[PDB]
């Protein structure tokens, strides 16, 4: 994935990313943000007053300080009319809104801050730094990035080299599996937790598996992202995994089936200076 590149043009930057090119003014004061992790970053960089629109339909519990910003809909149900009515000077999007890119760029310059699943930390840093550059806050952003590296090192320090993990997403009653370099890859790729299968095929919403597969892998840890919650259905991962196949795995026997908070993992707030920290601690605390 091409990183964000930025050239200083006096009162604006000429900015290039994976989706195209924009002239972005310095210090934009009317920013519509559709990536929840970058919204968390605005908070951490003390830029809350710059924000004028947020996806209130998908606003997590840890981002309720933005509850009174004007809504621009949800991460998937982008309210174009609301965005146009706000007359923003910058729109910030990630992978869920690439399909809306031309429509959004005609309203205002549109910055892409997608996380590269093959290069998580590199893309995270480039996203946070590129926002911080717009406001002259590179120093503060560097010191926060450095804190996150220290959390990563504390986390990696307690990881048991000989235990193995399987990441699953549950949707309806269906299970799908994710591996290294996936949208949840940071468990394997950044935090160094080994995988039951390093060779799982990457593909947005996953690799279809069943409880037999889980038992055959016999993971020490099962990390579960229950997409039922973000979609709103009845069926819990805890119910689907209450079977005697899964019951025999080392993870079930050691109570190391971990239900990760989907508002972080699924909504993918890994761009957040505080929300990424939270995610690292959540893994550390489950495996220490």
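Residue numbers count along the first chain shown, from 1.
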Worksheet entry | Comparing 85-93 with 210-218, the one whose average Cα B-factor in the PDB entry is higher | 210-218
Discussion item. When the Cα temperature factors in the entry are averaged, is it 271-279 or 10-18 that ends up higher?
Written reply: 10-18
Worksheet entry | Most elevated Cα B-factor in the entry, residues 248, 61, 69, 50 | 248
Item to complete: Name the residue from 224, 54, 240, 38 with the greatest C-alpha temperature factor listed in the entry.
Response: 240
Worksheet item: Taking the entry's C-alpha B-factors for this chain, is residue 256 in the lowest, middle or highest third?
Response: middle
Worksheet item: Mind checking which third residue 28 falls in for C-alpha B-factor across the chain?
Response: middle
Worksheet item: C-alpha B factor of residue 180, ranked within the chain: lowest, middle or highest third?
Response: middle
Worksheet item: With respect to C-alpha B-factor, does residue 263 fall in the lowest, middle or highest third of the chain as deposited?
Response: middle
Worksheet item: What third of the chain, by the recorded C-alpha B-factor, contains residue 194?
Response: lowest
